[PDB]
Amino acid sequence: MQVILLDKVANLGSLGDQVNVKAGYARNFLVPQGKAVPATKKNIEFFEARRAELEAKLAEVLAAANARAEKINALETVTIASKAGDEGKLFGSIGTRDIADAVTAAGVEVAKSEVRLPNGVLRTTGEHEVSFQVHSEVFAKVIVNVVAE
Amino acid sequence: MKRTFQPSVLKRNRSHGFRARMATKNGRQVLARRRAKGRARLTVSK
Amino acid sequence: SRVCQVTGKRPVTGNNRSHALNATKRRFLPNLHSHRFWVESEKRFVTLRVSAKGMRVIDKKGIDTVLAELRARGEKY
Amino acid sequence: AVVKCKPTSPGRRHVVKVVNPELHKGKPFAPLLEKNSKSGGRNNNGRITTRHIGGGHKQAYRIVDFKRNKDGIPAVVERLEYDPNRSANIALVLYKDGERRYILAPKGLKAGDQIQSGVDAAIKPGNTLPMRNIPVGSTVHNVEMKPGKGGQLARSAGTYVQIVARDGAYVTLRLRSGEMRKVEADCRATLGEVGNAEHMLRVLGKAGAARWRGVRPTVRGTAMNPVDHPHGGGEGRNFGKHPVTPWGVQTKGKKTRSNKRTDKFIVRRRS
RNA sequence: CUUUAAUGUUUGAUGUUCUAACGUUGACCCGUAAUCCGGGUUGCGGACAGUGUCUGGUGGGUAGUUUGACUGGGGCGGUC
RNA sequence: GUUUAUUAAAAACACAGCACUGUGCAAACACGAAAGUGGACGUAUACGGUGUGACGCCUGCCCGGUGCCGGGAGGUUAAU
RNA sequence: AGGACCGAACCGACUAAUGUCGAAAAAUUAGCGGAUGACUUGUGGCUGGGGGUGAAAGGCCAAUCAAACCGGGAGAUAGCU
């Protein structure tokens, strides 16, 4: 399927290139998320007219805003006190709900889907590293030290 | 010697009554056929 | 029923022939599936029971155009 | 306790009874009861779908709390009761907050025993904890397929499962059938073994005993005519055929599991 | 041409990971005084399962049929 | 105890018990073009199928053939 | 306590005789089995024909069952009377 790309696709993203893609890939991922628009002999003239450069800056500022946001908290440290068990066996596994809420209350205002946990769900008690992706090409590292209560 | 026919008004009406026929389309066709034949008694009427 | 909501494909009866040409009645069924299509005009997902051919039709045309035809058909989606 | 009754008359000679002196001698707790209309093996179409079902004593349904979601509330075992719907006895438990509930009774329970749920619970039998907090190698019962589903394994009298290994977020359990199944660590389980382990020692004695238990007589395929069963026919007990189900499927050693969806959670099969 | 090897091409089998199709007879909220159904949030599986078209195997579970004539009755045997 | 209402009440059928086999729960299986329902508001000390038929002594040898279960060296093998 | 014992109602039908254009399209008379249970019964529901139901006889499904009844294809076909 010949489609025009808006966002930077890591593999074949080139700002509106007539590059074939699987129908399922565009149908289920690109179009619903706004990363591309189906163009068939009608929007090509339109893309090169108003999408050619007008939205290029609009897309870029989103990346610039994301880069600004992820540096809001220079400390980049998260401390949460949990009533862990006796010698391990933390009370209960916690994912993104509590940590995101605490960070939002005091720290960086970020959405739920932004937080990614590469080291499980924080089972063991101690120091852990969490990779935050505010953009495809922007990755952030945050150290979390859960302390037993 | 118990015989096949053991009368019961409630069972007769609820089985072959007018409203029983109208419930289904097959019963409605039964009434339609008997109207065409001109039968005086459309169904078993109490 | 097994009716595509886009192309209108419905099961069609037919025969299946053996080596001895014996004929037995069969039925051909459309390749129907339940799919959710994202519509930007109304900003939500719409679930349609569409065939694989219909899904190709939706891709070739616009989802908005297909929805308009469905509305003109007079059947709720 | 297992008691052998004297053969005062035929039908009592082979009766072996199981008597539990601590079972409650009275009516059950009404608020937790519900009617249980029999079906006789018929489905919504009215046809017989399961054979050899019908009749039997009327029995009410006890709402047994399998989920055990009352976290952090200590509870006390009021009494043990006979449940007609289950092989295992149930226990009526009163929570500190004034709520009564029914739970399966493990082997160790007795009147006045203390039980607790939630992760912050002890290791004594009767407490329910997520399987992540349960030490490996312990015996549990009433295990959950999925978090919050309720509990489906080791529910009969004298049944249990073994926790053998814990990898990542999944746990491996050995079921009473000898099969190893992989389950999520978030699922809850109850420590200990289901009680009434002597329930298997009864013999029912006579034909009427199985009759008022809801079981109807079973007729052998050979005794039937050819038109009714794949077996049957001929003069003088002729079989000359491979054993099969009434609907033609080959029984006596043919595997019928065809799922391809839950196979990822099966580590070993029965042997 | 026989004998071998750097980058790029078609690639297909296998393996790992991901989520956005799809499944959910998991939980929670709403329509709603509702164990149906739908929508929403989340969890778990996940391109698997399942379904359509085509195709190999199995298939008395079911169906339609066939199972000759002569003959010192017929059958058996023999013959055509 | 049940059975050929209306020529057969029995040694037939059932039976408690016994064994084999299938089934991990969206269970096997059954009725349904499907939804769904029974199994079961049960889950392996449970459920379905099959044979034998209380209880006591027991139940020997044979895997060639046909089924069923497992294997993969090699050969043959459809659609495409 | 008991699918315990004897025995009426009640349920069933082992033997004999009568009756076979009968009082009766399976009965009567005299005996006979069970009779607190796998019992029996009233009322009302559910299962529909290649289907139901069946402690299994090819039994029963309105006096009809190795495929009910009614209408239709249909004036089926009949090398036979």
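Labels below follow one simple rule: chain letters A, B, ... track the order of the sequence lines, proteins then strands, and each chain is numbered from 1. Just so you know, these numbers use all the heavy atoms, side chains as well, and skip hydrogens, waters and symmetry mates.
Using a 4.0 Å cut-off between charged side-chain N and carboxylate O, D:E179 and D:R268 make no salt bridge.
At a threshold of 4.0 angstrom between heavy atoms, the contacts of D:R12 are confined to the sugar-phosphate backbone, with no base atom among them. Among the protein residues, D:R181 comes within range of the sugar-phosphate backbone only, with heavy atoms under 4.0 Å from sugar or phosphate atoms but none that close to a base. D:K149 comes within 4.0 angstrom of sugar-phosphate atoms only, judged by non-hydrogen atoms across all strands, and of no base. Among the atoms of the strands shown, only primed sugar atoms or phosphate atoms (P, OP1, OP2) are found under 4.0 Å from some heavy atom of C:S34. When heavy atoms are screened at a 4.0 angstrom cut-off, D:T245 is found touching the sugar-phosphate backbone but no base atom.
What separates CD of D:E179 from P of F:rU23 is a distance of 9 Å, to the nearest Å. Taking atom CZ of residue D:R270 and atom P of nucleotide F:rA46, one finds them 16 Å apart after rounding to whole Å. The distance between atom CG of D:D263 and atom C1' of E:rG45, rounded to the nearest whole Å, is 13 Å. Following rounding to the nearest Å, D:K264 (NZ) and E:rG23 (P) show an atom-to-atom distance of 15 Å. If you measure from atom CD1 of D:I48 to atom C1' of G:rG54, you get 9 Å, rounded to the nearest angstrom. Atom pair D:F265:CZ and F:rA26:P shows a separation of 12 Å (rounding to whole Å applied). Between the NZ atom of D:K255 and the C1' atom of F:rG24 there is a distance of 14 Å, given to the nearest Å. Spacing between atom CD1 of D:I53 and atom P of G:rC46 amounts to 22 Å, rounded to whole angstrom units.
From the dihedral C1'-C2'-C3'-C4', which is negative here, one reads the pucker of F:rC25 as south, toward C2'-endo. Sugar puckers are classed by the sign of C1'-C2'-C3'-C4'; that of G:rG54 comes out north, on the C3'-endo side. For E:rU24, the torsion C1'-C2'-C3'-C4' is above zero, which places the sugar in the north, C3'-endo range. Nucleotide F:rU6 carries a south sugar pucker, as its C1'-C2'-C3'-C4' torsion angle is negative. Residue note: E:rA6 shows a north-type sugar, the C1'-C2'-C3'-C4' torsion being above zero.
No aromatic stack links A:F29 and the base of E:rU19, using centre distance under 5.5 Å and interplanar angle under 30°.
Within 6.0 Å of atom NZ in C:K53, 12 or fewer heavy atoms from other residues, nucleotides or ligands are found, so the atom counts as exposed in its surroundings. Enclosure of atom NZ in D:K4 by more than 12 non-hydrogen atoms of other residues, nucleotides or ligands within 6.0 angstrom is indicated.
Checking the phosphate oxygens (OP1, OP2) of E:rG45, a side-chain nitrogen or oxygen of D:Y170 falls inside 4.0 Å. Of the side-chain N and O atoms in D:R47, one or more sit less than 4.0 angstrom from OP1 or OP2 of G:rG48. The phosphate of F:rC15 has neither OP1 nor OP2 within less than 4.0 Å of any side-chain N or O from D:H14. Not one side-chain nitrogen or oxygen of C:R44 sits closer than 4.0 Å to the OP1 or OP2 atom of E:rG39. The phosphate of F:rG42 (OP1 or OP2) has a side-chain N or O of D:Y61 nearer than 4.0 angstrom. In this model, the phosphate group of G:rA63 is not approached by any side-chain N or O of B:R3 to a distance below 4.0 Å at OP1 or OP2.
Note: C:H35 and C:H33 fail the aromatic proximity criterion, with ring centroids not under 6.0 Å apart.
For the pair D:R101 and D:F29, the cation-pi test (distance below 6.0 Å, angle within 45°) is failed. Stacking of D:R181 on the aromatic ring of D:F265 is not recorded, the 6.0 Å distance cut-off and the 45° axial limit not both being met.
The side chain of D:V249 has F:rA30 as its nearest neighbour among G:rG54, F:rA30, E:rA49. Distance from the side chain of D:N43 is smallest to F:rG38 among E:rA21, F:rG38, F:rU45.
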Dot-bracket notation for RNA chain E is requested: 5' to 3', Watson-Crick or G-U wobble pairs only, both distances under 3.5 Å, with ( ), [ ], | and . as defined.
-> .....................(((.((((((.....)))))))))......................(((.......)))
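Under the Watson-Crick or G-U wobble criterion, with both distances below 3.5 Å, F:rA35 has no partner in any strand shown. The pairing partner recorded for F:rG74 is none, the criterion being a Watson-Crick or G-U wobble arrangement whose two distances lie under 3.5 angstrom. Pair assignment for F:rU21 gives F:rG48, based on Watson-Crick or G-U wobble hydrogen-bonding distances that are each under 3.5 Å. Searching all strands for a Watson-Crick or G-U wobble partner of G:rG50 with both distances below 3.5 Å returns nothing. With a cut-off of 3.5 Å on both pairing distances, G:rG73 has no Watson-Crick or G-U wobble partner at all.
Side chain D:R211 to base G:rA38: a donor-acceptor pair is found below 3.5 Å. With hydrogens and angles ignored, no donor-acceptor pair under 3.5 angstrom links the side chain of C:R2 to the base of F:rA33. Below the 3.5 angstrom threshold, one finds no donor paired with an acceptor across the side chain of D:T49 and the base of F:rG39.
Here the straight-line distance linking atom CG of D:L33 with atom CD1 of D:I63 works out to 8.0 Å at 0.5 Å rounding. Distance check: D:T50 OG1 to D:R216 CZ gives 13.5 Å after rounding to the nearest 0.5 Å.
A Watson-Crick or G-U wobble pair links G:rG31 with G:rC14, both defining distances under 3.5 Å.
Taking atom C1' in both G:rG19 and G:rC46, the straight-line distance is 43 Å, to the nearest Å. Taking the P atoms as reference points, F:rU37 lies 44 Å from F:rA79, given to the whole Å. Atom name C1', nucleotides F:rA78 and E:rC54: the rounded distance is 10 Å, in whole Å. When the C1' atom is used for both F:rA46 and F:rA28, the distance is 12 Å, rounded to whole Å. Annotation: E:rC44 and E:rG26 have their P atoms spaced 15 Å apart (nearest Å). Taking atom P in both F:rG24 and F:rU45, one finds a spacing of 14 Å when rounded to whole Å. Rounded to whole Å, the separation between the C1' atoms of G:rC32 and F:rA9 comes to 13 Å. Comparing the P positions of E:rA47 and E:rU35 gives a spacing of 35 Å, expressed to the nearest Å.
Between the side chains of A:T104 and A:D101, no donor-acceptor pair is found at a separation under 3.5 Å.
Residues of residues 219-242 of chain D having a heavy atom closer than 4.0 Å to RNA chain G, listed by number: D:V219, D:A223, D:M224, D:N225, D:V227, D:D228.
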